[PDB]
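Asker: The structure follows.
Please treat every number below as a calculation from the coordinates, not as lab data. Counting neighbours? That spans all protein chains shown, and the Cβs are built from the backbone with ideal geometry, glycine included.
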Amino acid sequence: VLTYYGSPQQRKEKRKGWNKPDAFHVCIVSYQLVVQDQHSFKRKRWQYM
DNA sequence: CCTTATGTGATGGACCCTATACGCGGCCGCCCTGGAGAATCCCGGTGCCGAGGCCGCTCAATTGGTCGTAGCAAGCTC
């Protein structure tokens, strides 16, 4: 489980490695960051939402 | 005047002691070596929404005619 929250520098530090297969099983994120960071989530494919 | 051998009185020199290079070692400038890492480079790799293409159509660019006076050609002259 990846908890995607924090200030942008640590936020992008948490992004590091997201593209690798099986880097994580589930990601949990808040709607504020979804409206903030939409590009990152939209680029990845998220199976069951 | 001839004729020994040295007085006269300084500039020229050897010396005392000074202070120094450096054996072994360190601070430091520096070559460079060295790592960690803090950026920056280029290539995807993707999903978005505008560039630009297509069509409907209208009004103004184009046309042929007319009128007339602004630019042109001497060319005089100062």
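Asker: Can you work out the Karplus-derived ³J(HN,Hα) for every residue in the range A:32-46? Use 6.51 cos²θ - 1.76 cosθ + 1.60 with θ = phi - 60°, whole Hz, and x for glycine or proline.
Answerer: 4, 6, 4, 6, 5, 10, 2, 4, 4, 5, 5, 5, 6, 9, 10
Asker: Normalise the Cα radius of gyration of chain A by 2.2 N^0.38 Å (N = residues in it) and let me know the number. The partial results should precede the final answer.
Answerer: On the way: Rg = 10.3 Å, N = 49, 2.2 N^0.38 = 9.7 Å.
Normalised Cα radius of gyration, chain A: 1.07.
Asker: Which whole-number percentage describes the relative contact order of chain A, with Cα contacts under 8 Å and a sequence gap of 6 or more? Each step should come with its number before you reach the end.
Answerer: On the way: 26 pairs, mean separation 20.7, N = 49.
42 percent.
Asker: Can you tell me the order of A:18-25, A:37-44 when each peptide is scored by its average per-residue count of other Cβ atoms within 10 angstrom, highest first?
Answerer: Ranking the peptides A:18-25, A:37-44 by packing returns A:37-44, A:18-25.
Asker: Additional query: Measure off 7 Å from each Cα along the Cα-to-Cβ vector at A:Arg45 and A:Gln9, then give the distance between these two points in nanometres to one decimal.
Answerer: Here the modelled spin labels are 3.6 nm apart.
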